[PDB]
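To be precise, the following lines are start-v5.txt, and they hold compact mmCIF, C-alpha atoms.
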# COMPACT_ATOMS: atom_id res chain seq x y z
CA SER A 1 11.26 -9.89 20.49
CA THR A 2 9.04 -12.16 18.38
CA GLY A 3 7.61 -15.66 18.40
CA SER A 4 6.39 -18.07 15.75
CA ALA A 5 4.65 -21.42 16.21
CA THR A 6 3.06 -23.97 13.89
CA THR A 7 -0.60 -24.79 14.50
CA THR A 8 -2.04 -28.13 13.41
CA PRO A 9 -5.63 -29.34 12.90
CA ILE A 10 -6.57 -32.08 15.34
CA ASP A 11 -8.58 -34.11 12.81
CA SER A 12 -9.54 -34.33 9.14
CA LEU A 13 -12.41 -31.84 9.56
CA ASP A 14 -10.33 -29.00 11.09
CA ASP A 15 -12.54 -29.08 14.18
CA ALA A 16 -9.81 -27.35 16.20
CA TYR A 17 -6.14 -26.41 15.98
CA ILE A 18 -3.43 -27.19 18.53
CA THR A 19 -0.16 -25.34 19.07
CA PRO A 20 2.77 -26.57 21.20
CA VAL A 21 3.45 -24.43 24.27
CA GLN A 22 6.35 -24.76 26.72
CA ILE A 23 5.39 -24.30 30.39
CA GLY A 24 7.73 -24.40 33.38
CA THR A 25 11.40 -25.15 34.03
CA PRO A 26 12.46 -27.47 32.63
CA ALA A 27 9.99 -27.11 29.76
CA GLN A 28 6.80 -29.16 29.81
CA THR A 29 5.32 -29.10 26.32
CA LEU A 30 1.52 -29.08 26.04
CA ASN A 31 -0.62 -28.76 22.91
CA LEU A 32 -3.02 -25.89 23.51
CA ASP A 33 -6.02 -24.55 21.60
CA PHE A 34 -5.36 -20.86 20.85
CA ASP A 35 -8.70 -19.18 21.50
CA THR A 36 -9.32 -15.52 20.65
CA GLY A 37 -12.81 -15.92 22.15
CA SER A 38 -11.68 -16.36 25.76
CA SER A 39 -9.02 -14.98 28.07
CA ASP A 40 -7.90 -17.86 30.32
CA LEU A 41 -4.78 -20.00 29.98
CA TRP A 42 -5.88 -23.29 31.55
CA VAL A 43 -4.33 -26.75 31.35
CA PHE A 44 -4.98 -30.32 32.32
CA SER A 45 -2.70 -30.95 35.28
CA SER A 46 -1.66 -33.40 37.99
CA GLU A 47 -4.49 -31.83 40.04
CA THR A 48 -7.22 -32.82 37.58
CA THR A 49 -9.60 -35.55 38.74
CA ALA A 50 -7.95 -38.65 37.35
CA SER A 51 -11.23 -40.02 35.97
CA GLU A 52 -11.50 -36.86 33.84
CA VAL A 53 -8.10 -37.34 32.13
CA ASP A 54 -8.19 -39.53 28.99
CA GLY A 55 -4.79 -39.39 27.29
CA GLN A 56 -4.03 -35.67 27.64
CA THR A 57 -0.60 -34.40 28.58
CA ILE A 58 -0.81 -32.89 32.07
CA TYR A 59 1.13 -29.99 33.58
CA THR A 60 2.91 -30.92 36.82
CA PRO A 61 3.73 -27.77 38.83
CA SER A 62 5.65 -29.81 41.42
CA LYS A 63 8.23 -30.65 38.74
CA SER A 64 8.68 -27.00 37.68
CA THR A 65 11.31 -25.03 39.59
CA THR A 66 9.70 -21.73 38.49
CA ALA A 67 6.09 -22.57 39.40
CA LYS A 68 4.52 -20.66 42.29
CA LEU A 69 1.04 -21.20 43.69
CA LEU A 70 -1.04 -18.02 43.53
CA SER A 71 -2.41 -18.16 47.08
CA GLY A 72 -6.20 -18.12 47.31
CA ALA A 73 -6.80 -17.62 43.58
CA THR A 74 -9.42 -19.77 41.85
CA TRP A 75 -10.93 -19.79 38.37
CA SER A 76 -14.15 -21.04 36.83
CA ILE A 77 -15.20 -20.88 33.17
CA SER A 78 -18.29 -21.82 31.17
CA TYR A 79 -17.88 -21.83 27.39
CA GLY A 80 -20.49 -20.99 24.79
CA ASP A 81 -20.99 -24.69 23.97
CA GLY A 82 -21.97 -25.54 27.55
CA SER A 83 -18.45 -26.62 28.53
CA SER A 84 -16.90 -25.84 31.89
CA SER A 85 -13.75 -26.30 33.93
CA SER A 86 -12.34 -24.90 37.15
CA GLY A 87 -9.37 -25.05 39.50
CA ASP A 88 -6.55 -23.14 41.19
CA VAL A 89 -3.84 -20.89 39.77
CA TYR A 90 -0.05 -21.01 39.48
CA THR A 91 2.37 -18.57 37.92
CA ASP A 92 5.13 -19.97 35.73
CA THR A 93 7.32 -19.35 32.71
CA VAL A 94 5.47 -19.84 29.41
CA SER A 95 7.09 -19.81 25.96
CA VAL A 96 5.44 -19.88 22.52
CA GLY A 97 7.72 -20.40 19.54
CA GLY A 98 10.72 -18.80 21.23
CA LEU A 99 8.72 -15.97 22.86
CA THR A 100 9.00 -16.22 26.65
CA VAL A 101 6.83 -14.67 29.36
CA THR A 102 7.75 -14.99 33.03
CA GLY A 103 5.11 -14.90 35.74
CA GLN A 104 2.22 -15.95 33.49
CA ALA A 105 -0.93 -17.14 35.23
CA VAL A 106 -1.30 -20.86 34.48
CA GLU A 107 -4.75 -22.02 35.58
CA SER A 108 -4.60 -25.66 36.68
CA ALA A 109 -7.83 -27.56 36.06
CA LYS A 110 -9.21 -29.44 39.06
CA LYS A 111 -12.31 -30.58 37.15
CA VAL A 112 -13.13 -30.31 33.44
CA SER A 113 -16.34 -30.85 31.53
CA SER A 114 -16.82 -34.17 29.75
CA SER A 115 -16.40 -32.51 26.34
CA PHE A 116 -12.75 -31.72 27.07
CA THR A 117 -12.25 -35.21 28.52
CA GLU A 118 -13.46 -36.87 25.30
CA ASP A 119 -10.87 -34.87 23.32
CA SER A 120 -7.48 -36.40 24.09
CA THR A 121 -5.59 -34.20 21.59
CA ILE A 122 -6.21 -30.85 23.36
CA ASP A 123 -4.23 -30.32 26.57
CA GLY A 124 -5.79 -26.94 27.34
CA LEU A 125 -6.65 -23.48 26.08
CA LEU A 126 -4.59 -20.31 25.64
CA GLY A 127 -6.93 -17.32 25.66
CA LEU A 128 -6.21 -14.34 23.42
CA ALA A 129 -9.29 -12.17 23.92
CA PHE A 130 -8.96 -9.08 26.10
CA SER A 131 -7.94 -9.54 29.73
CA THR A 132 -11.22 -8.12 31.06
CA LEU A 133 -12.78 -11.57 30.41
CA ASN A 134 -10.28 -13.46 32.58
CA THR A 135 -12.10 -15.43 35.28
CA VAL A 136 -9.38 -15.60 37.95
CA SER A 137 -10.74 -14.42 41.31
CA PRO A 138 -10.28 -12.32 43.37
CA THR A 139 -7.34 -10.91 41.38
CA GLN A 140 -7.94 -10.91 37.63
CA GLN A 141 -5.00 -12.02 35.50
CA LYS A 142 -3.55 -10.90 32.17
CA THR A 143 -3.46 -12.99 29.00
CA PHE A 144 -0.25 -14.28 27.45
CA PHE A 145 -0.54 -11.58 24.78
CA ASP A 146 -1.05 -8.81 27.35
CA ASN A 147 1.99 -9.97 29.32
CA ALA A 148 4.12 -10.18 26.16
CA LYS A 149 2.94 -6.88 24.63
CA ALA A 150 5.79 -4.77 26.03
CA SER A 151 8.67 -6.91 24.72
CA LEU A 152 7.12 -7.58 21.30
CA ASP A 153 8.62 -5.70 18.36
CA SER A 154 5.03 -4.78 17.42
CA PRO A 155 1.93 -5.29 19.62
CA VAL A 156 0.32 -7.69 17.14
CA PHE A 157 -0.23 -11.35 16.54
CA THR A 158 -1.38 -12.99 13.32
CA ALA A 159 -3.44 -16.10 12.62
CA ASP A 160 -2.72 -18.02 9.41
CA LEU A 161 -4.89 -21.13 9.74
CA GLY A 162 -4.60 -23.87 7.15
CA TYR A 163 -7.30 -25.79 5.32
CA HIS A 164 -6.67 -29.47 6.15
CA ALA A 165 -3.05 -28.40 6.61
CA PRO A 166 -0.77 -26.83 9.23
CA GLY A 167 -0.75 -23.09 9.84
CA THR A 168 1.11 -20.43 11.82
CA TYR A 169 0.58 -18.13 14.78
CA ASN A 170 3.09 -15.26 14.77
CA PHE A 171 3.68 -12.82 17.64
CA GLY A 172 5.29 -9.41 17.25
CA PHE A 173 5.59 -9.10 13.47
CA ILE A 174 3.62 -9.33 10.23
CA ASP A 175 5.02 -11.81 7.70
CA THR A 176 4.52 -9.97 4.42
CA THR A 177 5.21 -13.18 2.47
CA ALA A 178 2.18 -14.99 3.94
CA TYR A 179 -0.55 -13.08 2.07
CA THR A 180 -1.35 -11.45 -1.26
CA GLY A 181 -2.42 -7.90 -1.99
CA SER A 182 -3.06 -5.49 0.86
CA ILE A 183 -4.19 -5.87 4.45
CA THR A 184 -7.53 -4.14 5.03
CA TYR A 185 -7.89 -2.94 8.62
CA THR A 186 -11.21 -2.43 10.39
CA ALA A 187 -12.20 -1.01 13.76
CA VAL A 188 -12.54 -3.19 16.86
CA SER A 189 -14.91 -2.70 19.79
CA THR A 190 -13.58 -4.04 23.11
CA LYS A 191 -16.74 -3.24 25.09
CA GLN A 192 -17.63 -6.93 25.65
CA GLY A 193 -14.01 -8.12 25.79
CA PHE A 194 -13.98 -9.73 22.33
CA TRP A 195 -12.25 -8.98 19.04
CA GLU A 196 -15.52 -7.50 17.83
CA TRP A 197 -15.85 -5.83 14.42
CA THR A 198 -18.50 -5.09 11.80
CA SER A 199 -18.55 -6.86 8.44
CA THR A 200 -19.87 -4.76 5.56
CA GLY A 201 -21.90 -7.45 3.81
CA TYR A 202 -21.94 -10.80 2.08
CA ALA A 203 -22.48 -12.61 -1.21
CA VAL A 204 -23.53 -16.19 -1.95
CA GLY A 205 -21.60 -17.85 -4.76
CA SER A 206 -21.31 -15.39 -7.63
CA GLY A 207 -24.48 -13.51 -6.71
CA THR A 208 -24.81 -9.83 -5.94
CA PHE A 209 -22.97 -8.50 -2.91
CA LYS A 210 -25.49 -7.42 -0.27
CA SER A 211 -24.35 -4.37 1.69
CA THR A 212 -25.46 -4.87 5.29
CA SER A 213 -23.67 -4.50 8.61
CA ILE A 214 -22.97 -7.77 10.42
CA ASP A 215 -21.51 -7.23 13.88
CA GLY A 216 -19.54 -10.25 15.08
CA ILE A 217 -16.38 -11.52 16.74
CA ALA A 218 -13.21 -13.09 15.35
CA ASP A 219 -12.98 -16.36 17.30
CA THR A 220 -10.25 -18.87 16.52
CA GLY A 221 -11.75 -21.11 19.23
CA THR A 222 -15.03 -21.69 17.38
CA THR A 223 -15.07 -24.13 14.47
CA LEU A 224 -17.99 -22.87 12.41
CA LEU A 225 -19.36 -19.61 11.03
CA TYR A 226 -22.49 -18.34 12.83
CA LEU A 227 -24.42 -15.59 11.05
CA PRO A 228 -27.94 -14.11 11.27
CA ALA A 229 -30.83 -16.29 10.19
CA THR A 230 -31.55 -14.18 7.10
CA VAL A 231 -28.01 -14.59 5.75
CA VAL A 232 -27.79 -18.31 6.54
CA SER A 233 -31.18 -18.98 4.92
CA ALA A 234 -30.09 -17.20 1.74
CA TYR A 235 -26.93 -19.34 1.58
CA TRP A 236 -28.57 -22.74 2.02
CA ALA A 237 -31.38 -21.84 -0.38
CA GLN A 238 -28.76 -22.24 -3.14
CA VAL A 239 -27.95 -25.85 -2.13
CA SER A 240 -30.39 -28.36 -3.60
CA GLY A 241 -31.95 -30.52 -0.90
CA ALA A 242 -30.48 -28.57 2.01
CA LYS A 243 -32.69 -28.07 5.05
CA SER A 244 -32.53 -27.16 8.72
CA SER A 245 -32.88 -30.22 10.96
CA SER A 246 -33.98 -30.05 14.59
CA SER A 247 -32.71 -33.54 15.42
CA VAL A 248 -29.24 -32.63 14.15
CA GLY A 249 -29.47 -29.01 15.30
CA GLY A 250 -28.63 -27.08 12.15
CA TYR A 251 -28.51 -27.07 8.39
CA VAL A 252 -27.64 -30.34 6.65
CA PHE A 253 -27.28 -31.00 2.94
CA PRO A 254 -26.94 -34.01 0.61
CA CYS A 255 -23.30 -35.07 0.67
CA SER A 256 -23.46 -35.33 -3.15
CA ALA A 257 -24.11 -31.59 -3.47
CA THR A 258 -21.45 -29.04 -4.38
CA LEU A 259 -21.41 -26.05 -2.10
CA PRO A 260 -21.22 -22.44 -3.28
CA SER A 261 -18.58 -20.13 -1.89
CA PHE A 262 -19.38 -17.44 0.67
CA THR A 263 -17.98 -13.90 0.49
CA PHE A 264 -17.88 -11.54 3.47
CA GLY A 265 -16.95 -7.87 3.39
CA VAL A 266 -14.13 -6.15 5.27
CA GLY A 267 -14.51 -2.45 4.62
CA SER A 268 -14.28 -2.28 0.83
CA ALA A 269 -12.38 -5.58 0.52
CA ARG A 270 -13.90 -9.04 0.08
CA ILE A 271 -12.81 -12.36 1.60
CA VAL A 272 -13.99 -15.44 -0.31
CA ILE A 273 -14.60 -18.72 1.54
CA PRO A 274 -14.38 -21.65 -0.93
CA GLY A 275 -17.38 -23.96 -0.84
CA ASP A 276 -15.21 -26.92 0.18
CA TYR A 277 -14.47 -25.14 3.48
CA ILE A 278 -18.18 -25.30 4.37
CA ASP A 279 -18.44 -29.12 4.07
CA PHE A 280 -18.09 -30.74 7.49
CA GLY A 281 -18.86 -34.28 6.37
CA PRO A 282 -21.49 -36.88 7.21
CA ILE A 283 -23.58 -36.34 10.34
CA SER A 284 -22.90 -40.00 11.20
CA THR A 285 -20.64 -42.70 9.78
CA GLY A 286 -22.07 -43.88 6.48
CA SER A 287 -24.76 -41.19 6.34
CA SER A 288 -25.48 -39.41 3.07
CA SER A 289 -26.47 -36.24 4.96
CA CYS A 290 -23.58 -33.82 5.54
CA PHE A 291 -23.28 -31.07 8.15
CA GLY A 292 -22.96 -27.46 7.06
CA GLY A 293 -20.23 -25.07 8.14
CA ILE A 294 -22.48 -21.99 8.06
CA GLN A 295 -25.13 -22.05 10.79
CA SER A 296 -27.58 -19.60 12.34
CA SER A 297 -26.50 -17.46 15.29
CA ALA A 298 -30.11 -17.00 16.45
CA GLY A 299 -29.66 -19.28 19.46
CA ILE A 300 -26.23 -17.86 20.32
CA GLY A 301 -27.00 -14.14 20.59
CA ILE A 302 -23.79 -13.09 18.82
CA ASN A 303 -22.40 -13.61 15.33
CA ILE A 304 -19.17 -15.62 15.27
CA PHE A 305 -16.55 -15.56 12.51
CA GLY A 306 -14.96 -18.88 13.46
CA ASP A 307 -12.29 -21.03 11.85
CA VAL A 308 -14.39 -21.57 8.71
CA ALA A 309 -14.05 -17.87 7.87
CA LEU A 310 -10.67 -17.06 9.44
CA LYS A 311 -8.79 -19.85 7.67
CA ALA A 312 -9.79 -18.24 4.36
CA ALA A 313 -7.69 -15.20 5.31
CA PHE A 314 -4.47 -13.92 6.84
CA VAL A 315 -5.74 -12.21 9.99
CA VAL A 316 -3.86 -9.54 11.96
CA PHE A 317 -4.87 -9.01 15.60
CA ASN A 318 -3.47 -5.52 16.21
CA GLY A 319 -3.33 -4.92 19.96
CA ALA A 320 -2.31 -1.27 19.78
CA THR A 321 -3.96 1.14 22.22
CA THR A 322 -6.66 1.54 19.57
CA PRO A 323 -7.06 -2.13 18.54
CA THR A 324 -7.88 -3.14 14.97
CA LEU A 325 -8.34 -6.31 12.93
CA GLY A 326 -6.61 -6.77 9.57
CA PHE A 327 -7.75 -9.12 6.81
CA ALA A 328 -5.81 -10.11 3.71
CA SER A 329 -6.38 -12.69 1.03
CA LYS A 330 -3.88 -15.54 0.85
Representation of the structure as structure tokens:
Amino acid sequence: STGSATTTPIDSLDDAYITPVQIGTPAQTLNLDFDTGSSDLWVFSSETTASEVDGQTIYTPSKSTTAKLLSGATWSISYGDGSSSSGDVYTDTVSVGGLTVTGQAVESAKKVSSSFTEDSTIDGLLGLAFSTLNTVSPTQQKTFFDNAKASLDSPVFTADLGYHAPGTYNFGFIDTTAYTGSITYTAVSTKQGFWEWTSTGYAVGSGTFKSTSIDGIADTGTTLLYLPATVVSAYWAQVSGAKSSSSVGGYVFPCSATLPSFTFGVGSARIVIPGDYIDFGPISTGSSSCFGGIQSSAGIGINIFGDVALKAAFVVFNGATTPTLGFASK
């Protein structure tokens, strides 16, 4: 079996992407953020503190004939950006673009952090990292991809994120019409539970390619690209008037500047990020300072190839027993 679903940016800056997901019987459709950087499927629900719900669609297990409370199970998550939520656990039927999993752990949020509350367009997260990061206690739960792996034609899913435009998540097959050239595959380490791989280098604009290993994770749930301080400094040195700002917390640049592209290596292949992808607009309404899409990972501890980089490519998440990541130009 296979599944295919359209993913849509939530705003004009591509800060996140939402994908419709059907939960329960009859179907309750929620718009979830597909996150390859976490492993929990959690939703706003009827159980969420009503003061913490600001326009989201909520999952109501009492209206689902296939929902079953998972007795004694709880969950609690803290995200890299200091966000948190927690609650209890149901199992239910979950379908993504025609692909159906029965008995999927659906983690119902009892309380969410304010950052999720402020964001009325995201009804929850669907984690697609490896199931060893799932936070359900005392019995850890499998991700939607892990539960679907057996019935998929091929144990893969692909991310085809759009620039200011809709994209596609496919499960179980590789659409050979969605990319150009060849797919270059690279090894994945699962030792920390992430889709972790090693980039072979970078170039700024049309400068020389610098061969250097950059270990990092493919994270659809992170907006920006976070790279080591040396790389980020070399990029912004080519933008006139750019500087790192402590008050803003990152590199900013004059909105009148034109940004150079950024190339990152995948084995012997090269993925080019157009400079327009790196512009994230004014830091405040009416400001002439614009926020940069390439920031330092020094405070994070891990390099993150977020949406800025992934949307420049067709990305295959190969969940075979030896997992790999595939990149192709598009």
Nearby residues (all atoms listed in the file) at most 12 Å from residue 51 (chain A), same-chain spacing under 4 positions excluded, as a list in words: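 Counting all atoms listed in the file, the residues come to residues 46, 47, 55, 56, 110, 111, 112, 113, 114, 117 and 118 of chain A.
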Selection from above, C-alpha atoms, as a PDB file, keeping the file's coordinate frame, can you write it?
ATOM      1  CA  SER A  46      -1.660 -33.400  37.990  1.00  0.00           C
ATOM      2  CA  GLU A  47      -4.490 -31.830  40.040  1.00  0.00           C
ATOM      3  CA  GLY A  55      -4.790 -39.390  27.290  1.00  0.00           C
ATOM      4  CA  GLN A  56      -4.030 -35.670  27.640  1.00  0.00           C
ATOM      5  CA  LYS A 110      -9.210 -29.440  39.060  1.00  0.00           C
ATOM      6  CA  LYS A 111     -12.310 -30.580  37.150  1.00  0.00           C
ATOM      7  CA  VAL A 112     -13.130 -30.310  33.440  1.00  0.00           C
ATOM      8  CA  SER A 113     -16.340 -30.850  31.530  1.00  0.00           C
ATOM      9  CA  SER A 114     -16.820 -34.170  29.750  1.00  0.00           C
ATOM     10  CA  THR A 117     -12.250 -35.210  28.520  1.00  0.00           C
ATOM     11  CA  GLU A 118     -13.460 -36.870  25.300  1.00  0.00           C
TER      12      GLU A 118
END
Polymer residues at most 6 Å from residue 162 (chain A), only C-alpha atoms, same-chain spacing of 4 or more positions, as a PyMOL selection string: chain A and resi 166-167+311
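For residue 125 (chain A), the set of protein, DNA and RNA residues having any atom at most 7 Å away, when counting all atoms listed in the file and skipping those fewer than 2 positions along the same chain, is residues 32, 33, 34, 35, 41, 42, 43 and 127 of chain A.
Take CA of residue 99 (chain A) and CA of residue 2 (chain A): the distance between them is 5.9 Å.
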Option closest in space to residue 280 (chain A), from A:157, A:13, A:176, A:209 [counting only C-alpha atoms]: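 Closest to residue 280 (chain A) of all the choices is A:13.
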